[PDB]
Amino acid sequence: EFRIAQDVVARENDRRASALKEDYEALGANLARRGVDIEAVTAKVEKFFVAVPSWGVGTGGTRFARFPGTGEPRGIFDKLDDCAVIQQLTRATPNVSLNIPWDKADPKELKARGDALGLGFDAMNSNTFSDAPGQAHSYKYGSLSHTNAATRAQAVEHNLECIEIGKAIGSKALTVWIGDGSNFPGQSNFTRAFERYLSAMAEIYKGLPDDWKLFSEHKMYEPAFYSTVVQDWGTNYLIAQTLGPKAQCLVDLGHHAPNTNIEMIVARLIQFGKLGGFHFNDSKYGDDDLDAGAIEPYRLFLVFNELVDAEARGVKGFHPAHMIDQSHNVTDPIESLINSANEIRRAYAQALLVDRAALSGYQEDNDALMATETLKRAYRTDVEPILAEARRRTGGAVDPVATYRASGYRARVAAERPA
Amino acid sequence: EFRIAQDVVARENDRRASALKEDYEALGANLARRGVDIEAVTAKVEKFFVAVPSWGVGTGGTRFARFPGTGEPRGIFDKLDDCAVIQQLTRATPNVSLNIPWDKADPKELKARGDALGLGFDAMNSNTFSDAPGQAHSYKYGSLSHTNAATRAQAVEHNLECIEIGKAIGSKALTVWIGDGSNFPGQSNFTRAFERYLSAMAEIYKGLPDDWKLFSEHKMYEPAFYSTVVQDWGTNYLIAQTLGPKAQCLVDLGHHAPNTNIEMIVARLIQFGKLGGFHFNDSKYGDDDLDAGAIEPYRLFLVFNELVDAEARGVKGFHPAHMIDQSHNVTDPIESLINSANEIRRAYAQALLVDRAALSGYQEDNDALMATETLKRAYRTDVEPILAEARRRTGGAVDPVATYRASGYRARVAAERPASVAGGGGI
Amino acid sequence: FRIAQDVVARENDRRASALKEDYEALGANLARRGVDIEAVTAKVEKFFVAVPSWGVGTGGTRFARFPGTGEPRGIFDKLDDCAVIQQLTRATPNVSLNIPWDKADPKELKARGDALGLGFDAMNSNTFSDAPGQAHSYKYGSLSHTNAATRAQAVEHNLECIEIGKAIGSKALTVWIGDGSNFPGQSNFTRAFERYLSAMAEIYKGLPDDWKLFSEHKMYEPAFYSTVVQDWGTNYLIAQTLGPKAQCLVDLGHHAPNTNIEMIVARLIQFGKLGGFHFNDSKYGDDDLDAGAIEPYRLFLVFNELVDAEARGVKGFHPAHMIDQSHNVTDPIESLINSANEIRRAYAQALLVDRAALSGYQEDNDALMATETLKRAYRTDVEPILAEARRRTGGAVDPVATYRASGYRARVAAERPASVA
Amino acid sequence: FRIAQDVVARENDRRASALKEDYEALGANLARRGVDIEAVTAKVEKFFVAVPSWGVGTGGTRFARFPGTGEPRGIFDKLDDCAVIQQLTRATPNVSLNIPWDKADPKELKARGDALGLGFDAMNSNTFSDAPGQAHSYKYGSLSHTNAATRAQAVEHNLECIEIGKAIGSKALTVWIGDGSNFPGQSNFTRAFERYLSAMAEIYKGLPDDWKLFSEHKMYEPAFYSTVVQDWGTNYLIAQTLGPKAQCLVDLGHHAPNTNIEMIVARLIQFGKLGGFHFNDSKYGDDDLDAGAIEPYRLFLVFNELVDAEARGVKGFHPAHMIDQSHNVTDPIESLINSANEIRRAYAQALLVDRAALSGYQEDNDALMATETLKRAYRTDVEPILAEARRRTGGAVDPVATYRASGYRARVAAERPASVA
Ligand SMILES: C[C@@H]1O[C@@H](O)[C@H](O)[C@H](O)[C@H]1O
Ligand SMILES: C[C@@H]1O[C@@H](O)[C@H](O)[C@H](O)[C@H]1O
Ligand SMILES: C[C@@H]1O[C@@H](O)[C@H](O)[C@H](O)[C@H]1O
Ligand SMILES: C[C@@H]1O[C@@H](O)[C@H](O)[C@H](O)[C@H]1O
Ligand SMILES: C[C@@H]1O[C@H](O)[C@H](O)[C@H](O)[C@H]1O
Ligand SMILES: C[C@@H]1O[C@H](O)[C@H](O)[C@H](O)[C@H]1O
Ligand SMILES: C[C@H](O)[C@H](O)[C@@H](O)[C@@H](O)C=O
Ligand SMILES: C[C@H](O)[C@H](O)[C@@H](O)[C@@H](O)C=O
Ligand SMILES: C[C@H](O)[C@H](O)[C@@H](O)[C@@H](O)C=O
Ligand SMILES: [Mn+2]
Ligand SMILES: [Mn+2]
Ligand SMILES: [Mn+2]
Ligand SMILES: [Mn+2]
Ligand SMILES: [Mn+2]
Ligand SMILES: [Mn+2]
Ligand SMILES: [Mn+2]
Ligand SMILES: [Mn+2]
Ligand SMILES: [Mn+2]
Ligand SMILES: [Mn+2]
């Protein structure tokens with residue numbers, strides 16, 4: 001089924017077909033002069049997919065307030081319906097990331113709806129950073145690293161429950177992010193809390209299917225404001241290495257200290273085989289969870305430069321999980337997810353344009369200026385024509401947001417859903 | 001009224017009286033050898049007050065979750081009852097800061113309850129960073145700087161209402177903090193938004209009594225994650241200077257960029273007569289709103305060093321409004337506010353111990369090492385006995401938190417108030 | 001001519017075909033957006049940024065300096081090198097001097113500049129280091145030093161810089177000092193600032209009627225605890241206190257982590273105190289890296305505020321533009337060339353912004369389309385416009401490639417003796 | 001004796017009575033808390049931290065260096081000054097050397113050290129600067145340089161540092177390099193690290209059975225975009241890859257803004273890779289300021305982890321302790337004296353923490369009492385313990401005061417020629 005009428009997509013695409021042809025052919029000629037086949041790039045871009053977060057489909061908020069828009073999804077089923085729109089128009093988000101218990105519902109029904117909408121499911125996300133009604137033990141002072149054994153056991157059981165749900169819908173991985181930490185010096189014994197965490201994660205690893213992966217996600221701060229158990233990639237590496245081959249690290253772009261060189265962290269984790277995946281978003285101050293590439297587009301490109309280089313260096317068995325983790329506080333969530341997915345493909349496309357042979361030469365000769373310019377020649381290239389053509393060829397929209405607005409989808413769901 | 005039984009306070013004080021006498025006399029002898037009269041210091045500490053936030057007596061949370069404890073205060077009246085405990089035990093928080101509409105209630109009743117509990121009211125706090133039921137215009141895209149004229153007018157009216165309520169309860173100032181800003185480049189035109197803000201603030205300024213102050217509070221980010229209209233002290237100064245004599249700047253410790261020298265900002269504002277007051281708290285990463293001095297006690301001392309220098313260099317017309325602005329997510333709000341107020345008095349007392357003449361000499365001679373050591377000699381002094389004695393002589397508790405726990409107050413209000421339930425934070 | 005004309009011609013001809021194809025393609029795309037590429041190119045060829053004399057030689061850190069070959073020996077060699085940057089990019093007609101580093105007969109400096117086709121931008125005083133025969137040391141400060149005679153000495157130095165500038169064609173004085181403290185208590189913040197203000201007031205008195213005085217703020221370094229002119233707030237107080245001729249200079253790498261620099265730029269413009277810019281890039285501190293090499297979007301956002309100012313009709317707005325960088329691991333001439341190019345790049349993209357559309361989205365609070373309006377301009381590869389602007393003004397289509405083809409570095413390496421002690 | 005014994009005796013006697021009163025008062029206070037002050041003093045007396053040879057001379061920034069009088073030049077002058085710090089504080093018996101800065105005949109270094117009552121701590125190699133007559137430059141790196149011969153030269157240099165150390169009593173080699181990049185693309189992160197790891201393996205092979213190899217991470221400077229050994233995560237990978245004799249060195253000012261450094265310390269201890277510390281304080285970047293002069297509580301929290309490690313009976317925990325600072329506006333000897341004192345101050349306060357009480361509050365999630373348990377120790381003025389520890393071991397009750405009374409600075413100023421009067 002199509003959430004957006006096919007006649008609307010066809011109409012809006014035809015309206016922009018002429019200009020796209022001119023832009024695509026122009027870029028094709030430019031790339032040909034540079035020894036690059038535009039068709040080879042478009043072919044790869046069409047195959048790049050990033051999972052959308054169910055928790056980002058509705059309007060997000062802060063501790064100060066939440067300003068919902070119209071037609072807010074009422075639950076996971078409305079969220080899947082909205083996710084279907086993002087995938088139909090961009091063709092870059094076939095899978096959805098779920099969070100339990102936020103999206104708890106009959107697994108069988110979830111799968112049925114997904115299949116009908118043309119959507120799959122990515123990594124499951126457990127939730128032991130908030131309390132649910134009727135919960136025996138509170139996570140106020142922690143979960144997997146809580147001082148109380150019964151509380152840790154409850155958190156472990158919750159994670160195993162997440163795996164059972166995932167197995168029923170087609171998921172093949174579990175992502176574990178917890179708020180565990182301290183707000184005051186002395187509140188926690190750093191080593192003992194980490195020892196407790198490692199023991200708990202070992203239990204989860206024991207219950208992990210042999211065709212699944214277990215991802216741990218580090219974060220410098222928030223909700224903990226003095227110390228956090230899984231605070232950075234160093235601790236994250238120790239966790240993954242300790243647990244086993246099926247355990248890897250997940251890197252969320254906005255979870256690092258000010259000025260951190262994130263692309264180097266990505267490179268390091270790849271070298272030691274522990275880069276499990278990404279949580280894309282952008283930021284300026286803290287874990288802002290803004291639209292990917294809206295603040296620092298070059299940084300996003302540099303991260304993708306490391307991913308493409310890995311393939312170029314001949315790294316084997318490298319298939320990181322790509323996911324968007326954002327909060328949309330002042331825009332239509334669907335529109336932001338659409339453009340964010342587009343920006344991620346944009347950075348990927350540019351990274352594919354880098355002349356690896358030239359770059360390697362400049363690195364070996366220590367020609368820093370030409371090396372940086374080699375990256376810039378790729379990054380400065382406006383790859384929008386490739387992104388639009390990729391969408392057009394695969395059933396998507398040349399201009400996703402414009403088509404979304406022309407369809408009147410938001411007004412439609414606003415009438416179907418309570419205010 | 002006495003939220004805490006007098007017999008409990010007397011009991012816990014007597015139990016620690018012996019140790020206090022020993023420590024106070026020892027410190028007195030040490031200070032005497034240093035040419036300082038401990039009595040003179042204690043006398044000033046007993047008179048240092050800081051306002052408590054009504055929204056701080058309840059458990060706080062983040063966008064991810066909120067984990068309420070037992071006996072959570074229901075409304076402003078319950079909150080005032082809890083604030084009364086902090087003041088009775090520390091004797092450092094006689095005034096309370098209100099936020100409207102959160103604490104909206106009959107001005108007559110509010111004043112009546114305060115007088116009964118022995119509490120006064122500090123600066124009023126307007127709220128246009130969240131929407132209230134029945135609100136005609138949403139503040140989603142701003143308030144005082146919103147592009148829609150009707151929305152700015154609605155925000156101006158709300159602030160004027162806050163002034164009216166304050167006038168009725170004895171308040172003498174209005175603090176304006178808004179979330180106004182953008183999350184994306186291009187979303188807002190920085191200059192146009194600021195022009196709108198200034199014009200709206202001018203309307204609010206017109207409704208200020210002749211003896212009132214209007215405080216604008218800067219904040220680098222949150223809830224806006226790309227730009228904020230009142231983002232730093234520079235913009236804040238421009239605001240105060242533009243509005244008039246009654247407009248001043250409020251400095252909240254956790255609202256600055258990483259590594260900012262905050263004490264210098266305080267000095268600069270004092271020099272140009274625009275330091276309206278402070279919002280005390282501590283932090284390590286962002287606007288963490290943690291207990292004052294729990295993370296960086298020396299920084300708190302350095303801020304007070306600038307304040308005492310002004311309080312010593314005879315800075316005429318200098319009475320900054322001191323207030324605690326914190327969020328208590330993992331502790332009993334009352335206990336944290338108690339120790340936070342204590343830490344603020346600790347930094348103040350230590351600043352009073354600085355040999356100003358010696359410091360001036362080392363500064364003039366460019367003797368950096370002795371100048372810094374002159375500050376350290378005061379800062380390293382354990383002034384707890386002075387704080388404890390000040391509390392004891394004024395009706396407080398030698399050990400506030402110990403006494404609070406011995407009284408069983410939390411268990412009491414827990415039985416009187418409905419049970420709470422954990423939930424989300426707004427994400 | 002520092003670079004043989006035949007070389008510039010040969011290299012331009014080699015790349016003529018490709019430039020034609022790219023420029024014409026871009027022109028058609030811009031036309032579809034309602035933008036005249038010729039109007040943009042005409043403005044770009046007139047955008048100038050001053051090159052720092054102190055950035056023509058290899059720079060270093062407190063740990064070490066690794067000089068390359070043919071390092072300039074003095075201001076005359078430096079001007080000769082600046083002439084190369086201007087001949088090839090045509091974006092750097094003026095040079096920024098530092099006294100006493102570049103002290104020499106004003107008449108001879110002017111003669112060399114005229115002969116090379118170069119002018120002089122704002123003078124830069126130096127009271128952050130001690131020169132020979134100095135009566136008082138600047139170890140503990142200069143314009144804000146506790147010792148009156150030391151402040152007087154610093155004032156005289158700045159007045160001397162003005163005299164030198166008047167003789168060579170300069171019209172402004174930039175004052176950046178290291179004054180500050182490394183320990184709490186070392187300085188009385190307020191008194192140190194008052195001392196600074198009194199000294200600057202004296203310097204202001206020596207300003208010709210058509211001169212400007214720029215003060216430059218910096219969060220830290222060389223002072224590691226407090227700095228007298230630490231941020232734009234203090235900087236504004238300075239400018240406002242001194243008078244109409246006094247304005248603030250914004251050096252991109254001088255702000256706290258995560259600071260919204262483009263907002264500071266807008267605030268200063270609103271209150272008429274944006275004197276100028278010191279362009280460079282950074283990631284950690286005052287790194288002084290090549291402009292746009294680390295965060296190109298931020299540079300574009302700064303230029304977006306500068307172009308918006310014109311769009312709003314701000315009157316008498318002519319900020320001074322200067323590059324202030326340190327080239328530690330590259331040929332200084334090549335880095336200055338590409339940095340000047342990046343600045344024109346950001347400027348050109350800022351000119352492409354559809355401000356009619358942007359104003360609409362801002363009024364309607366359409367944050368997504370507003371940000372996308374800025375991105376449509378920023379994502380545009382304007383290299384063809386920069387290259388054509390150079391071709392038509394006597395410059396090189398590919399400046400660095402032409403510089404390398406000329407063999408200039410090897411030439412000066414043979415002419416200049418390297419320092420031995 | 002660098003400082004006359006009569007002067008030390010006189011200045012101690014002058015302050016003896018006051019110390020007695022303060023020590024007895026603190027003794028009574030600690031007694032009421034169940035702690036024996038004599039036990040704490042005994043431990044403090046045994047805590048030592050190495051002094052940097054490169055720290056007794058006045059330091060500077062890339063902008064300037066303002067030397068004081070009697071500047072030590074050469075390792076012999078430096079050892080003479082380091083001897084003053086040890087004599088007065090009794091907390092710095094060993095000196096950290098840097099090669100080639102301190103190159104000299106080992107036989108003479110040892111002879112001078114023995115005569116002054118000084119030993120030698122970890123050796124520090126230097127491949128972040130070029131020495132005259134060097135075959136290959138380190139401009140673009142050293143142990144991770146793309147050129148094989150350059151990496152070999154750097155490895156040989158480090159092996160030479162081990163040879164010198166073996167002859168003078170050292171038992172470790174600390175390796176800090178500037179290797180990194182200033183521009184994206186300049187270096188391939190992974191390849192550069194592979195080159196570094198291979199070179200370090202060669203150095204590891206030359207380590208005696210009882211030696212340790214310390215690698216030191218640093219976020220930035222001299223490299224301003226990326227650094228090979230940028231943080232503790234990379235450092236851990238290095239130590240674990242090299243072998244049991246390789247550990248990580250933590251320099252306090254080498255971390256990103258707001259980093260929780262004490263946790264990094266705890267993590268390294270848990271996995272047996274905490275090799276040692278480089279103490280100093282900072283506010284902005286790698287400021288290299290006097291330890292505890294900016295954030296004393298943070299220093300205490302670091303020592304809280306060190307004391308807790310022993311409380312838990314950790315194995316393989318014998319960290320080296322060294323001061324790594326730059327003294328730009330103070331008498332280097334006085335700053336090192338007070339910095340060593342501040343380190344012992346934090347240690348003493350960490351020893352006062354009631355571990356039993358703390359553990360109880362941690363298990364019960366009583367965050368407020370847990371933090372107040374740390375504060376009760378930290379708020380305690382342990383100066384009497386530090387002064388008594390010095391008095392009992394031949395040191396000065398008030399080190400800096402005694403140093404000033406001795407007239408030592410004026411003495412060496414008269415023996416050492418400055419560049420200018
Ligand atoms: C973006 C990244 O690029 C390369 O590393 C591989 O193709 C990998 O599968 C992909 O995820
Ligand atoms: C802003 C924040 O809001 C809630 O979480 C609480 O009222 C808390 O005390 C306050 O600090
Ligand atoms: C006494 C006082 O000292 C400083 O604060 C300033 O110089 C101020 O102007 C003066 O009034
Ligand atoms: C790196 C720096 O170099 C010099 O300035 C001095 O040796 C100083 O002590 C050191 O910290
Ligand atoms: C001089 C050098 O400086 C580095 O930044 C690091 O701190 C090293 O430990 C030190 O030896
Ligand atoms: C007494 C004199 O003191 C100097 O400081 C130096 O150590 C000389 O070597 C010694 O002869
Ligand atoms: C909802 C999801 O678990 C969450 O966003 C985490 O992944 C992490 O980003 C939190 O800061
Ligand atoms: C509730 C109160 O208005 C609030 O705390 C503001 O003062 C400011 O700190 C917000 O970040
Ligand atoms: C050389 C010039 O005065 C200097 O670079 C200043 O402008 C400032 O950037 C210093 O950090
Ligand atoms: Mn995430
Ligand atoms: Mn950045
Ligand atoms: Mn997150
Ligand atoms: Mn506040
Ligand atoms: Mn700090
Ligand atoms: Mn706040
Ligand atoms: Mn500058
Ligand atoms: Mn600079
Ligand atoms: Mn070090
Ligand atoms: Mn260092």
# chains A, B, ... in the order shown; residues from 1 in each chain; ligands from 1
$ residues_around --residues "residue 170 (chain D)" --least-positions-apart "3" --cutoff "8 Å" --atoms "only C-alpha atoms" --output "PDB file with N, CA, C and O atoms, in the first residue's frame"
ATOM      1  N   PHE D 120      67.098   9.464  40.117  1.00  0.00           N
ATOM      2  CA  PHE D 120      66.509   9.722  38.808  1.00  0.00           C
ATOM      3  C   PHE D 120      65.293   8.851  38.527  1.00  0.00           C
ATOM      4  O   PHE D 120      65.327   7.636  38.729  1.00  0.00           O
ATOM      5  N   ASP D 121      64.217   9.488  38.064  1.00  0.00           N
ATOM      6  CA  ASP D 121      62.976   8.796  37.745  1.00  0.00           C
ATOM      7  C   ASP D 121      62.978   8.406  36.267  1.00  0.00           C
ATOM      8  O   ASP D 121      64.037   8.327  35.634  1.00  0.00           O
ATOM      9  N   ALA D 122      61.790   8.175  35.715  1.00  0.00           N
ATOM     10  CA  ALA D 122      61.660   7.777  34.313  1.00  0.00           C
ATOM     11  C   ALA D 122      62.354   8.719  33.341  1.00  0.00           C
ATOM     12  O   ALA D 122      62.326   9.937  33.513  1.00  0.00           O
ATOM     13  N   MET D 123      62.976   8.138  32.319  1.00  0.00           N
ATOM     14  CA  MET D 123      63.644   8.906  31.275  1.00  0.00           C
ATOM     15  C   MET D 123      62.549   9.386  30.325  1.00  0.00           C
ATOM     16  O   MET D 123      61.524   8.723  30.168  1.00  0.00           O
ATOM     17  N   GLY D 165      69.476   5.795  30.961  1.00  0.00           N
ATOM     18  CA  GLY D 165      68.730   5.545  32.177  1.00  0.00           C
ATOM     19  C   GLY D 165      69.316   4.398  32.977  1.00  0.00           C
ATOM     20  O   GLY D 165      69.428   4.481  34.197  1.00  0.00           O
ATOM     21  N   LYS D 166      69.700   3.325  32.293  1.00  0.00           N
ATOM     22  CA  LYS D 166      70.268   2.174  32.988  1.00  0.00           C
ATOM     23  C   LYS D 166      71.510   2.571  33.776  1.00  0.00           C
ATOM     24  O   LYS D 166      71.723   2.103  34.894  1.00  0.00           O
ATOM     25  N   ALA D 167      72.318   3.452  33.199  1.00  0.00           N
ATOM     26  CA  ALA D 167      73.543   3.889  33.853  1.00  0.00           C
ATOM     27  C   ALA D 167      73.340   4.814  35.051  1.00  0.00           C
ATOM     28  O   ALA D 167      74.223   4.919  35.899  1.00  0.00           O
TER      29      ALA D 167
END
$ residues_around --residues "region 45-57 of chain A" --least-positions-apart "3" --cutoff "7 Å" --atoms "only C-alpha atoms" --output "list in words"
residues 41, 42, 60, 79, 92, 93, 94, 95, 96, 97, 98, 122, 322, 323, 324, 325, 326, 327, 328, 333, 334, 341, 345, 349 and 390 of chain A
$ closest_residue --among "D:352, D:367, D:418, D:410" --to "ligand 6" --atoms "only C-alpha atoms and all ligand atoms"
D:410
$ residues_near_ligand --ligand "ligand 19" --cutoff "7 Å" --atoms "only C-alpha atoms and all ligand atoms" --output "list in words"
residues 251, 253, 254, 286 and 288 of chain D
$ write_last_selection --atoms "N, CA, C and O atoms" --output "PDB file, in the first residue's frame"
ATOM      1  N   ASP D 251      48.411  12.499  32.006  1.00  0.00           N
ATOM      2  CA  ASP D 251      48.808  13.877  32.288  1.00  0.00           C
ATOM      3  C   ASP D 251      47.479  14.627  32.428  1.00  0.00           C
ATOM      4  O   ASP D 251      46.697  14.720  31.481  1.00  0.00           O
ATOM      5  N   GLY D 253      46.283  17.653  32.324  1.00  0.00           N
ATOM      6  CA  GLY D 253      45.813  18.653  31.378  1.00  0.00           C
ATOM      7  C   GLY D 253      45.677  18.226  29.926  1.00  0.00           C
ATOM      8  O   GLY D 253      45.479  19.075  29.054  1.00  0.00           O
ATOM      9  N   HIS D 254      45.736  16.925  29.662  1.00  0.00           N
ATOM     10  CA  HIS D 254      45.655  16.410  28.294  1.00  0.00           C
ATOM     11  C   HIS D 254      44.306  15.843  27.862  1.00  0.00           C
ATOM     12  O   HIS D 254      44.236  15.049  26.921  1.00  0.00           O
ATOM     13  N   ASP D 286      46.044  22.556  27.703  1.00  0.00           N
ATOM     14  CA  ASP D 286      47.169  21.958  28.419  1.00  0.00           C
ATOM     15  C   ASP D 286      47.973  23.122  28.979  1.00  0.00           C
ATOM     16  O   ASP D 286      49.107  23.387  28.570  1.00  0.00           O
ATOM     17  N   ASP D 288      49.394  23.569  31.856  1.00  0.00           N
ATOM     18  CA  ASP D 288      50.585  23.249  32.632  1.00  0.00           C
ATOM     19  C   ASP D 288      50.815  24.157  33.839  1.00  0.00           C
ATOM     20  O   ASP D 288      51.951  24.518  34.146  1.00  0.00           O
TER      21      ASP D 288
END
$ select_by_dssp --residues "region 245-380 of chain C" --states "helix (DSSP H, G or I)" --output "MDAnalysis selection string"
chainID C and resid 261:270 296:311 332:352 355:363 367:378
$ interface_residues --of "chain B" --to "chain A" --cutoff "8 Å" --atoms "only C-alpha atoms" --output "VMD selection string"
chain B and resid 61 to 67 129 to 131 140 to 141 183 to 185 221 223 225 to 226 283 to 286 288 290 294 to 295 330 421 to 427
$ write_last_selection --atoms "N, CA and C atoms" --output "short mmCIF file (atom, residue, chain, number, x, y, z; two decimals), in the first residue's frame"
data_model
loop_
_atom_site.label_atom_id
_atom_site.label_comp_id
_atom_site.auth_asym_id
_atom_site.auth_seq_id
_atom_site.Cartn_x
_atom_site.Cartn_y
_atom_site.Cartn_z
N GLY B 61 13.70 16.12 37.26
CA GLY B 61 13.97 15.04 36.33
C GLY B 61 14.60 15.55 35.05
N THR B 62 14.85 14.64 34.11
CA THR B 62 15.44 14.99 32.82
C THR B 62 14.43 14.64 31.73
N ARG B 63 14.79 14.85 30.47
CA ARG B 63 13.87 14.53 29.38
C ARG B 63 13.63 13.03 29.27
N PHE B 64 14.51 12.24 29.88
CA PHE B 64 14.40 10.78 29.82
C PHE B 64 13.47 10.19 30.87
N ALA B 65 13.47 10.78 32.06
CA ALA B 65 12.62 10.26 33.12
C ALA B 65 12.64 11.12 34.38
N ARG B 66 11.68 10.83 35.26
CA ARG B 66 11.57 11.51 36.54
C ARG B 66 11.27 10.41 37.55
N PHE B 67 12.04 10.39 38.63
CA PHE B 67 11.88 9.38 39.67
C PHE B 67 11.53 10.07 40.98
N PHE B 129 8.15 29.58 28.75
CA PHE B 129 8.95 28.55 28.10
C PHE B 129 8.16 27.24 28.04
N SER B 130 6.88 27.33 28.37
CA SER B 130 5.98 26.18 28.34
C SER B 130 4.56 26.71 28.15
N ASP B 131 3.69 25.88 27.59
CA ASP B 131 2.30 26.27 27.36
C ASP B 131 1.39 25.82 28.49
N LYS B 140 5.87 27.59 21.37
CA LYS B 140 6.73 26.66 20.66
C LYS B 140 7.87 27.34 19.90
N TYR B 141 7.55 28.42 19.19
CA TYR B 141 8.57 29.13 18.42
C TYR B 141 9.07 30.40 19.07
N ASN B 183 16.91 26.08 16.61
CA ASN B 183 17.60 24.79 16.61
C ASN B 183 18.29 24.55 15.27
N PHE B 184 18.08 25.46 14.31
CA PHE B 184 18.67 25.30 12.98
C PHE B 184 19.18 26.60 12.39
N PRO B 185 20.33 26.55 11.70
CA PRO B 185 20.82 27.79 11.11
C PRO B 185 19.75 28.30 10.13
N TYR B 221 22.58 27.57 25.95
CA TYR B 221 21.71 26.69 25.19
C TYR B 221 20.75 25.93 26.10
N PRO B 223 16.43 25.26 26.22
CA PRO B 223 15.92 24.36 25.18
C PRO B 223 16.32 24.59 23.72
N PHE B 225 18.90 24.58 20.77
CA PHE B 225 20.18 23.93 20.54
C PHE B 225 21.09 24.44 19.42
N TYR B 226 20.77 25.59 18.83
CA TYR B 226 21.65 26.18 17.82
C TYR B 226 21.96 27.62 18.25
N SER B 283 27.99 22.31 38.42
CA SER B 283 27.88 21.51 37.21
C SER B 283 29.24 21.02 36.76
N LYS B 284 29.23 20.08 35.81
CA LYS B 284 30.45 19.53 35.25
C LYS B 284 30.40 19.51 33.73
N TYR B 285 29.21 19.29 33.17
CA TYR B 285 29.05 19.19 31.72
C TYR B 285 28.27 20.32 31.04
N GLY B 286 27.04 20.55 31.50
CA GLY B 286 26.22 21.60 30.93
C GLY B 286 25.48 22.30 32.05
N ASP B 288 23.81 21.42 34.45
CA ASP B 288 23.47 20.26 35.28
C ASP B 288 22.59 20.53 36.50
N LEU B 290 23.24 20.93 39.63
CA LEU B 290 23.60 20.13 40.80
C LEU B 290 23.76 20.99 42.05
N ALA B 294 29.21 21.11 45.12
CA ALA B 294 29.42 19.67 45.18
C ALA B 294 30.41 19.15 44.15
N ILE B 295 30.64 19.94 43.10
CA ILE B 295 31.55 19.54 42.04
C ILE B 295 32.83 20.37 42.03
N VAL B 330 18.24 12.89 42.39
CA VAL B 330 18.56 11.65 43.10
C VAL B 330 18.74 11.78 44.61
N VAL B 421 4.16 8.64 41.18
CA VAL B 421 4.48 7.60 40.22
C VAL B 421 5.54 8.11 39.24
N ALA B 422 6.50 7.25 38.91
CA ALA B 422 7.56 7.62 37.98
C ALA B 422 7.02 7.71 36.56
N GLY B 423 7.64 8.57 35.76
CA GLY B 423 7.20 8.74 34.38
C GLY B 423 8.32 9.21 33.47
N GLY B 424 7.94 9.72 32.30
CA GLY B 424 8.93 10.20 31.35
C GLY B 424 9.34 11.64 31.63
N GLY B 425 10.29 12.14 30.84
CA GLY B 425 10.76 13.50 31.03
C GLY B 425 10.33 14.48 29.95
N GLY B 426 9.75 13.96 28.87
CA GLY B 426 9.31 14.82 27.79
C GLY B 426 9.95 14.52 26.45
N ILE B 427 10.87 13.56 26.42
CA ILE B 427 11.54 13.19 25.18
C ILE B 427 10.57 12.53 24.22
#
$ residues_near_ligand --ligand "ligand 16" --cutoff "9 Å" --atoms "only C-alpha atoms and all ligand atoms" --output "PyMOL selection string"
chain C and resi 176+216-218+249-254+277-280+288+322-325
$ residues_around --residues "region 239-247 of chain B" --least-positions-apart "3" --cutoff "7 Å" --atoms "only C-alpha atoms" --output "PyMOL selection string"
chain B and resi 198+202+212-215+235-236+274
